[PDB]
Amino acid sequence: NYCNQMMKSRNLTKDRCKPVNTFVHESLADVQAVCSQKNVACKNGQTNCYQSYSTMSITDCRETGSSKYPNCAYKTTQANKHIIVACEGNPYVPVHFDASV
């Protein structure tokens, strides 16, 4: 599936099976734009988290209960949700995916 294939491709499951990962089907320019949108608190108290005004197409890849390295396995869940990201630096850009509301 797409998630086994994408996780492979991006070096996310070559030396370890990453439990969860979300891929955003939007232009980089448009996800970077989220850092200047709705400011919200992060799960850890900090407030350098922002929520997109709109929903974006995303694919969540959850590892199964059975999957073990080196044979990783992912459940593919496609959706459209408001992404929540944390931003840092200049230019202020996303560095961490905080969630999908």
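In this text, residue numbers run from 1 along the sequence as written.
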| item | value |
| --- | --- |
| Higher-B stretch (mean Cα B-factor, as the entry records it), 61-69 or 29-37 | 61-69 |
| Stretch with the greater mean C-alpha B-factor as recorded in the entry, comparing 73-81 against 18-26 | 73-81 |
| Chain-wide C-alpha B factor ranking for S54, given as lowest, middle or highest third | lowest |
| Assigned third (lowest, middle, highest) for the C-alpha B factor of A86 | lowest |
